[PDB]
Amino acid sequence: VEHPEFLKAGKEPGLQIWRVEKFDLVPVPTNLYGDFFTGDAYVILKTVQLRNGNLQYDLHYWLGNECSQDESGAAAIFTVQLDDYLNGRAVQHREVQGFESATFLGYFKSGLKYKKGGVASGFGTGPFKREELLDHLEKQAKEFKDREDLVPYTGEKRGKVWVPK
């Protein structure tokens, strides 16, 4: 799980932020921290130094009100993947715009601004008589021929066969 951002995630104490761009996890320029597109989903990692020398992790995925389903779903999966690269030690948090945790809001000293837009998605009669009805149903018999375009199933084993060695 070799992603160049995963190598960086959670090394030093501090605040890392990525945006979901087209099924990818992309670093957000550090100048732009705190300004979220509300058409987008973000992944945020707070690394705090414990007094025991260990690193404390808090993994926030932030769903803009207009983010497309691929980006919010990607956000959450990346959150799980990142926790899992960090030995399951992160606490995972779902942050929806307008509903953020005080904790998450605490990371932005000047304070987080929203703003519109973002990156495009990675997706591309009378009495009922049955004999009248039932007649229709059995009235299509010689009508439907088979499909003629197909590759019938032989049972062909195309792959190499793993020997129980």
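The numbering used is simple: start at 1 and walk along the sequence shown.
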Practice problem: Indicate whether the chain is continuous between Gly53 and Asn54 or, if not, how many deposited residues are absent from the coordinates: none, 1 to 3, 4 to 9, or 10 or more. | Solution: none
Quiz prompt | Average Cα temperature factor in the PDB entry - higher stretch of 26-34, 57-65 | solution = 26-34
Quiz prompt | Stretch exceeding the other in mean C-alpha B-factor - 3-11, 154-162 | solution = 154-162
Quiz item: Among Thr103, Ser121, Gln140, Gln49, where is the Cα temperature factor highest, going by the PDB entry?
Solution: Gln140
Quiz item: Going by the deposited entry, which of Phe99, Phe128, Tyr107, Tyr114 has the highest CA temperature factor?
Solution: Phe128
